[PDB]
Amino acid sequence: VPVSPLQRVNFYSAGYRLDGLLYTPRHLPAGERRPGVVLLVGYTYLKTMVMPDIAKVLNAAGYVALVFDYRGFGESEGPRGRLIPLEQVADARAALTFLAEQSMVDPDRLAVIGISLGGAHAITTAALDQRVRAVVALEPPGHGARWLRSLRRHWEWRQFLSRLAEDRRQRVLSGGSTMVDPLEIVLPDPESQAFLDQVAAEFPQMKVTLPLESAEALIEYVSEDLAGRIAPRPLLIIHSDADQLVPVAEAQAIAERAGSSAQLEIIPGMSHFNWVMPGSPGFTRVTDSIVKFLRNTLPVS
């Protein structure tokens, strides 16, 4: 049975039916198993954003790629907009189980690539799961509280923390968390706000609200504390100084904790959003860096 180059797939995570897209290289010989890559999207992003373009590059280099929506997001089941980082990591581990069961994939040659918050998930997933042979983390927050803290002036952060303590009281006493615009938690600079408005105008189905509980779980989410556990398995961290939404200091703090087997690559012309377009020079420089890392870590041969 020849495998279709593009399949809509479904698999479960904690009883929730997750929705994914499985990219297999065109005209792949029958019986041939290839390295499989799990693609992890960022904060409130849908699986159709950026990842189908990265999967196309990956398929041309001979790799099988799987992207999926986290529980509560996109086409996946789950409490709507309820973002709990360790649940997104558990979803990524269920995606590894599904991908390892595919006929065209070698279960012993699995890799994970994540963008931004998904990059922190790639690190956490590799730390807890030995099936991850290689990891790529693009623009990852190393410490949730430090990352979100840096987006506000100190007085604004203290005020946000008090709002969170009041919400913790209300959800324990009565059951529900206050639902907010995701940009009330990840407070963007005016530049990111303008791009995010453009991306939301194009993908209006990406519109969601998150419970304030998601800010508290993100504050307690420190992928830095687990980065060292990736032991001799390689990690590539791709970041830049130009990133105003996730400071490059986050990538630097992860690289110090991960050690010598990790490699930190700074790309000069690279903001949080200027490299996403497939025709852009930043897209080519990023995807070339990913493909080179995957080639000498998980060779197609």
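X-ray crystallography is the method the PDB entry states for this structure, with the resolution given as 2.19 Å.

Visitor: Whenever I open this one, the environment of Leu164 confuses me. Can you help?
Guide: Among the secondary structure elements, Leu164 is positioned in helix α5 (residues 154-174). C-alpha separation for the pair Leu164 and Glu32, spaced 132 residues apart in sequence, amounts to 51 Å. Not counting chain neighbours up to four residues away, the residues in contact with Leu164 comprise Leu212, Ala215, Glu216 and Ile219.

Visitor: Would you explain the pairing of strand β2 (residues 16-23) in this entry?
Guide: With 6 of its 8 residues buried, β2 lies for the most part within the structure. Direction of pairing for strand β1 (residues 6-13) relative to β2: antiparallel, over a ladder of 8 bridges. Across the sheet, the residue bridging to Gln7 is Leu22, located in β2. In this structure, the hairpin formed by β1 and β2 is closed by a connection of 2 residues, where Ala14 is found at a positive phi of approximately 60 degrees. Of the strand pairs in this sheet, β2 and strand β4 (residues 64-68) are connected by 4 bridges, and their pairing is antiparallel. Bridging across to β4, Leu21 finds its partner in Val67.

Visitor: Just to check I follow, could you spell out empty space enclosed by the protein for this structure?
Guide: Leftover empty space is mapped by rolling, across the atoms, a probe with the size of a water molecule. Using the criterion set out here, one finds 1 cavity of 30 Å³ or more in the structure. Roughly 40 Å³ of volume is contained in the largest cavity. As for the largest cavity, its lining consists of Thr44, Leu46, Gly72, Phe73, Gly74, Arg80, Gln205, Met206, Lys207 and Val208. Across the lining of the largest cavity, the residue classes break down as 4 nonpolar, 4 polar and 2 charged.

Visitor: Looking at this model, I keep getting lost on helix α3 (residues 117-128). Mind explaining?
Guide: An α-helical turn contains 3.6 residues, so any two residues separated by three or four positions project in the same direction. With 12 residues, α3 ought to run about 16 Å at 1.5 Å a step, and its terminal C-alpha atoms sit 17 Å apart, in line with that. Of all 12 residues that make up α3, 11 are buried, and the element is covered over most of its length. Residues of α3 that are buried: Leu117, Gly118, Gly119, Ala120, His121, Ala122, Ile123, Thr124, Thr125, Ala126 and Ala127.

Visitor: Before we go on, may I ask you to explain the environment of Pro29 in this structure?
Guide: As for its placement among the helices and strands, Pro29 is situated in the loop between β2 and β3 (34-40). For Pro29, a relative accessible area of 42% gives the class partly exposed. A sequence separation of 44 residues divides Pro29 from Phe73, and the C-alpha atoms of the two residues are 35 Å apart.

Visitor: Hey, could you run me through the pairing of β4 in this one?
Guide: The buried fraction of β4 is high, at 5 of 5 residues. Residues of β4 alternate between two faces, with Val64, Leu66 and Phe68 on one and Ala65 and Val67 on the opposite face, all of them buried.

Visitor: Help me out: how do you make sense of the nonpolar core in this one?
Guide: A general trend in soluble globular proteins is that nonpolar side chains are found buried together. Grouped together as the largest cluster of nonpolar side chains are 105 residues, with contacts concentrated most on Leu39, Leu58, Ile185 and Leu235. Top element by residues in this core is helix α2 (residues 85-100). It accounts for 8 residues. Those residues in contact with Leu58 that lie beyond four places of it in its chain are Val37, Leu39, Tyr63, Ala65, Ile113, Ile290, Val291 and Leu294.

Visitor: Would you take a moment to explain the layout of surface pockets for this structure?
Guide: The computed volume of the largest pocket comes to approximately 540 Å³. As for the largest pocket, its lining consists of 31 residues, of which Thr44, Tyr45, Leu183, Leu196 and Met206 are closest to the centre. Top contributing element to the lining of the largest pocket by residue count: helix α6 (residues 190-202), with 4 residues. Broken down by class, the residue content of the lining of the largest pocket amounts to 21 nonpolar, 6 polar and 4 charged.

Visitor: What am I meant to see in the pattern of salt bridges here?
Guide: Working definition: two side chains of opposite charge can pair if their charged atoms are close together. Taken as a whole and judged by the stated rule, the model has 19 salt bridges. Here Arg109 ties to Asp106 by a salt bridge, and the two come within 2.8 Å at their closest N and O atoms. With a shortest N-O distance of 3.1 Å, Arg257 and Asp225 are connected by a salt bridge. Taken together, the residues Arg257 in helix α9 (residues 248-258) and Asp225 in helix α8 (residues 224-227) connect sequence positions 32 residues apart.

Definitions and limits used
- Each chain has its residues counted from 1 in the order its sequence is written, and this count may differ from the entry's own numbering; any residue lacking coordinates is left out.
- The side-chain figures draw on all heavy atoms in the structure; neither hydrogens nor water molecules are used.
- Runs of H or I in DSSP of at least four residues are treated as helices and runs of E of at least two as strands, each being numbered from the N terminus.
- Any two residues whose heavy atoms approach within 4.5 Å are treated as being in contact.
- For every residue, the accessible area obtained with a 1.4 Å probe (protein chains only) is divided by the maximum for its type, and the residue is called buried under 20%, exposed over 50%, and partly exposed between those limits.
- Strands qualify as paired when DSSP identifies two bridges or more between them.
- Cavities and pockets were defined on a 1 Å grid built from protein atoms only: a cavity is a group of points that admits a 1.4 Å probe but offers it no way out, a pocket is an open group of points flanked by protein on both sides within 12 Å along at least five of seven lines, and a lining residue is one with an atom within 4 Å of any such point.
- Grid points are joined across faces, edges and corners, and a volume is the space filled by probe spheres set on the points.
- Under this grouping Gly is polar, as are all residues other than the nonpolar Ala, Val, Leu, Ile, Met, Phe, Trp, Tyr, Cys and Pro and the charged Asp, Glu, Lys and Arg.
- A helix is expected to span 1.5 Å for every residue after the first.
- Buried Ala, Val, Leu, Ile, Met, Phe, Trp, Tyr and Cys residues that are joined via side-chain atoms within 4.5 Å together make up what is termed a nonpolar core.
- Only one rule defines a salt bridge in this text: a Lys or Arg side-chain nitrogen within 4 Å of an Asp or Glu carboxyl oxygen.

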